[PDB]
């Protein structure tokens, strides 16, 4: 098993792989947290993240995307999601993603000096991101490859509350699964949606 702090691609899991549920993506090692959008360690960096349309400030343009940090929410009442209700902070997961940027951690945001030297982040796109993105898969989760953090900065989001934003750019030798070349690669690799054992059965009989 790859360690939890493994940076980079997971051996045996090619770009284009698909899983129906987040828990499955977690077991693959691609994105360990089954809920959180970012998997990171505040004093190391972020190993992966998921675009699932959970934050209104996310902007997905394929090879480039602006990701939103987590937090700035009031999850009281034993919740896991809510609208913005407070300013986000460059701590925990947000500090982790910032560390991937090839530049000294800056409390006011920073820009990378040769973004390609930054730490790699595995990116997964979820179907729920399809309401505001033409790159999200129609179903489940899809591993889209390695991206790097070009820069990050704070600014008020659509809600009026401060949010941390990150510009990610793809840096992977395998083709993007959404392009013509990528769909051919997926076909060539024979990749198909991974469902839990007995899921389809419980779906049909249902």
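Superpose the two forms; the largest set of C-alphas matching within 1.5 Å is the rigid core. Numbering follows the first chain given and starts at 1.
In summary, of the stretches 123-131 and 94-102, 123-131 shows the greater Cα distance from the shown form in 9 other deposited structures of this protein, with structures fitted on the rigid core. Larger average C-alpha displacement in 9 other deposited structures of this protein, relative to the shown form after a rigid core fit, is seen for 55-63 when comparing 55-63 with 37-45. Per the records, residue 81 is among the residues left out by at least a third of the other compared entries, whereas the shown structure includes it. Annotation for 33-41 versus 170-178: the higher mean temperature factor (C-alpha) is found in 170-178. Taking the PDB entry as given, 74-82 carries the higher mean Cα B factor of the two stretches 74-82 and 107-115. Across the options 89, 132, 125, 122, the residue with the most elevated CA B-factor in the record is 132. Among the modelled residues of the chain, residue 186 sits in the highest third by CA temperature factor in this PDB entry.
The entry lists a Cα temperature factor for residue 192 that places it in the highest third of the chain's modelled residues.
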